[PDB]
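Trainee: sequence, then the experimental structure. Questions to follow.
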Amino acid sequence: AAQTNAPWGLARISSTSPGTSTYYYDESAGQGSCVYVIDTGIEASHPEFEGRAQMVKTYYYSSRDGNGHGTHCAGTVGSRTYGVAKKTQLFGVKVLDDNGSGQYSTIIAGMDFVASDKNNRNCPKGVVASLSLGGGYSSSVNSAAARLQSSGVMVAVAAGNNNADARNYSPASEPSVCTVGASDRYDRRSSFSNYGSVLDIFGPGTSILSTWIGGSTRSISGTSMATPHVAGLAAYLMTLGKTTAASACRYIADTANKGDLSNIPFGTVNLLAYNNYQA
Ligand SMILES: [Ca+2]
């Protein structure tokens with residue numbers, strides 16, 4: 001399949017080189033997989049999700065997204081226009097309030113919820129979670145991310161936007177989940193992106209157009225935008241039978257565009273997520 005005039009990030013993820021604007025992907029499109037977005041929730045009624053999004057959990061007075069952030073991420077994973085996996089099922093877990101904040105304890109409870117809740121969902125092709133959130137190092141938070149992963153969910157988490165070493169951040173510093181840095185459309189590291197030996201991969205994170213609340217769209221930036229590219233790419237590859245939750249991050253790093261990014265600090269990976277689709 002070919003989506004012309006795609007958002008740049010989508011075109012990039014299916015290209016060996018920057019500067020193109022068509023997104024190419026197998027038409028299976030992540031059908032039969034599931035992605036959890038653990039964030040400020042999802043405006044499920046957005047036309048762009050076409051019935052494939054649902055809220056399954058909130059820790060606050062409402063499950064609606066009063067912020068927009070989680071809706072944006074969700075649209076990058078799986079909306080028809082702005083998403084990588086255009087046919088995946090989307091599950092929203094609201095651990096952050098409408099100011100985009102959440103206590104560590106709620107975030108942890110949210111991760112354990114998904115690790116049980118995937119047993120209540122239909123996802124023959126596999127299960128992914130996109131965690132675009134971040135805070136100072138906590139072994140409790142890391143540990144929660146490690147359980148989510150070990151239960152059989154491909155876990156992808158934002159490196160963080162501090163332009164610093166991600167070792168000091170959770171769940172970014174957890175070794176067993178996929179930590180995701182942000183790149184821009186000229187193949188440079190995003191200026192806010194964290195870096196470090198703990199990163200596994202880079203996705204598109206600067207000027208990323210996707211869904212927003214009130215049924216609209218906007219462009220915004222962050223490792224939180226890059227993360228759903230990788231989360232959607234895993235779901236897509238899993239429905240293709242190419243990989244599993246347990247080895248997805250590894251597979252994505254093996255098949256990445258290598259050595260193509262600029263401003264990558266010595267000792268951080270120079271890997272850019274890539275779907276290897278032969279159209
Ligand atoms: Ca990691």
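Mentor: Structure received. Numbers count the residues shown, from 1 in each chain.

Trainee: rest of the way, CA atoms for contacts and neighbours
Mentor: Will do.

Trainee: now do the contacts for the closest residue to residue 277 other than its chain neighbours.
Mentor: The shortest distance from residue 277 to any residue other than its chain neighbours is 6.0 Å, reached at residue 25 (Cα to Cα, 6 or more residues apart in numbering). Contacts for residue 25 (Cα atoms under 8 Å, 6 or more residues apart in numbering) come out as 1, 2, 14, 275, 277, 279.

Trainee: so residue 3 touches residue 27, yeah?
Mentor: No. If you go by Cα atoms under 8 Å, residue 3 and residue 27 don't touch, sitting 10.8 Å apart.

Trainee: tell me the SS of the closest residue to the ion within the chain?
Mentor: Closest to the ion within the chain is residue 175: 3.8 Å, counting by Cα to the ion. Classification of residue 175 using DSSP: H, G, I helix; E, B strand; the rest coil returns coil.

Trainee: so who does it touch?
Mentor: By Cα under 8 Å, 6+ apart, the contact list for residue 175 reads residue 198.

Trainee: now do it against residue 148, distance only.
Mentor: 13 Å (Cα to Cα, to the nearest Å).

Trainee: then residue 47?
Mentor: Taking Cα to Cα, one finds residue 47 at 30 Å from residue 148.

Trainee: comparing the two, which residue is more hemmed in?
Mentor: residue 148 (25 against 13; other Cα atoms under 10 Å).

Trainee: contact residues of this protein facing the ion?
Mentor: 174, 175, 177, 178, 179 (Cα under 5 Å from the ion).

Trainee: could you rerun that using 8 Å?
Mentor: 172, 173, 174, 175, 176, 177, 178, 179, 198, 199, 200 (Cα under 8 Å from the ion).

Trainee: what ranges does the stretch 1-150 of the chain have for its helices?
Mentor: Ranges of helices in the stretch 1-150 of the chain, per DSSP state H, counting those that start in this stretch, are 8-13, 69-78, 104-117, 139-150.

Trainee: which of the ones you listed is buried the deepest?
Mentor: Mean neighbour count, computed with mean count of other Cα atoms under 10 Å, is highest for helix 69-78 among the helices of the stretch 1-150 of the chain, reaching a mean of 32.

Trainee: contacts for stretch 50-63 next, please.
Mentor: In contact with stretch 50-63 (Cα under 8 Å, 6+ apart) are residues 41-42, 44-45, 64, 79-80, 87-95, 97, 106.
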